[PDB]
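There is one chain below, alone, in structure tokens, taken in the form deposited in one PDB entry.
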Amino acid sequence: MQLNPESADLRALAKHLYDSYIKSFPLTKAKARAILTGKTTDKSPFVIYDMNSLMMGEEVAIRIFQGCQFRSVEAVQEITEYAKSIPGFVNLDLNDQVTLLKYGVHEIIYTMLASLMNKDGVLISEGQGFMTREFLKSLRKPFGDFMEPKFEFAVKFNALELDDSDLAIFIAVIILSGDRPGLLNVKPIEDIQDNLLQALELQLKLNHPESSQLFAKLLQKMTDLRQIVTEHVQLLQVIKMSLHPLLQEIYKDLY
């Protein structure tokens, strides 16, 4: 591996994407991690770990889903804005742009949800609450099974120890998937993804000397992410059961 015009153009793409990521996403992984380790005086979250702490702290399913889906709108707008900054993206057929985001945003939401999770739980009410994993898991079926696979994904994903620089290229790779159903012009999307993949591979070698197969492990995680999105459809069937209104409100902030 050599330092040359190719590599410099790839480091320039990585920087361009990092900058547009920072403009596009107010809640970064660095900020999330800071909250979870108790640095941010500003945000010291109340921990909800059981029914009693739930009270102090202040189809049911379909209603939750209607809720979170509408609350995703801000994230969807941020990712859409982020996509406009990927070189070539706005030159693609408009329908493909829309198809790429329609499928991609769910994967990106779960990717950025991992930033808000550790093994103990997940940040809620934008940094102000912390819902424990085992409390969520304790709830009655089917609700108890909702978040547990995302924690499983998040623990394995967070163990890769990606930073925001890494994540900005990863997210771009996800957006530019040539296999999404109904794409019209697969080739120009693959052309962009090829370039982003090169940038990601360089980024990971420079930023992660500890793990020389991180590139592959991180691509495999796209498979995991695809599975979690797909599992939501199968959970609609399992569902076809009362739940405390405060837990309903909390679930509407997850995904």
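Just so we're on the same page, rigid core means the largest C-alpha set that superposes within 1.5 Å between forms. A residue's number is simply how far along the shown sequence it sits, counting from 1.
Undergrad: What size is the break between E58 and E59 in terms of deposited sequence residues left without coordinates: none, 1 to 3, 4 to 9, or 10 or more?
TA: According to the record, 10 or more deposited residues lack coordinates from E58 to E59.
Undergrad: Which class fits the unmodelled deposited stretch between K240 and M241: none, 1 to 3, 4 to 9, or 10 or more?
TA: Missing residues, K240 to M241: 4 to 9.
Undergrad: Can you tell me whether 228 to 236 has a higher mean C-alpha B factor than 18 to 26 in this record, or the other way round?
TA: Going by the record's values, the stretch with the higher mean is 228 to 236.
Undergrad: Give the stretch, out of 120 to 128 and 67 to 75, with the larger mean C-alpha temperature factor in the deposited entry.
TA: Result of the comparison: 120 to 128.
Undergrad: Can you tell me which of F143, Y82, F157, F89 has the highest Cα temperature factor in the record?
TA: Highest C-alpha B-factor among the listed residues goes to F143.
Undergrad: Please pick out which of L54, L204, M222, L197 has the largest Cα B-factor as recorded in the entry.
TA: The C-alpha B-factor peaks, among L54, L204, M222, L197, at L54.
Undergrad: Taking the entry's C-alpha B-factors for this chain, is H208 in the lowest, middle or highest third?
TA: According to the entry, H208 has a C-alpha B-factor in the chain's lowest third.
Undergrad: Comparing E152 with the other modelled residues of its chain, is its CA B-factor in the lowest, middle or highest third?
TA: Within its chain, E152 is a middle-third residue by C-alpha B-factor, going by the deposited values.
Undergrad: Please place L139 in the lowest, middle or highest third of its chain according to the CA B-factor in the PDB entry.
TA: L139: CA B-factor falls in the middle third of its chain.
Undergrad: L247: which third of its chain by C-alpha temperature factor?
TA: For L247, whose C-alpha B-factor we compare with every modelled residue in the chain, the answer is the highest third.
Undergrad: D179's Cα B-factor: lowest, middle or highest third of the chain?
TA: Within its chain, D179 is a lowest-third residue by C-alpha B-factor, going by the deposited values.
There is also a form deposited in another entry; it is not shown, and the following applies to it.
Undergrad: Quick one: lay the two forms over each other on the core and tell me which of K137, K156, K84, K119 moves its CA by at least 2 angstroms between this form and the one not shown.
TA: So the only displaced C-alpha belongs to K137.
Undergrad: Quick one: once the rigid core is lined up, does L247 have its C-alpha move by 2 Å or more between this form and the one not shown?
TA: Yes, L247 moves 2 Å or more.
Undergrad: Would you tell me if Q220 moves between this form and the one not shown by 2 Å or more at its C-alpha, with the rigid core held superposed?
TA: The answer is no; the displacement is under 2 Å.
Undergrad: Taking the rigid core as reference, does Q69 move its C-alpha 2 Å or further between this form and the one not shown?
TA: After core superposition, the displacement of the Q69 C-alpha between this form and the one not shown reaches the 2 Å mark, so yes.
Undergrad: Out of closer and farther, which fits the Cα atoms of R71 and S115 in the other entry compared with this form, where the change is 3 Å or more?
TA: Distance between the C-alphas of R71 and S115: shorter in the other entry, by 3 Å or more.
Undergrad: Between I250 and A168, does the Cα distance in the other entry come out closer or farther than in this form, changing by 3 Å or more?
TA: Compared with this form, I250 and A168 lie closer in the other entry.
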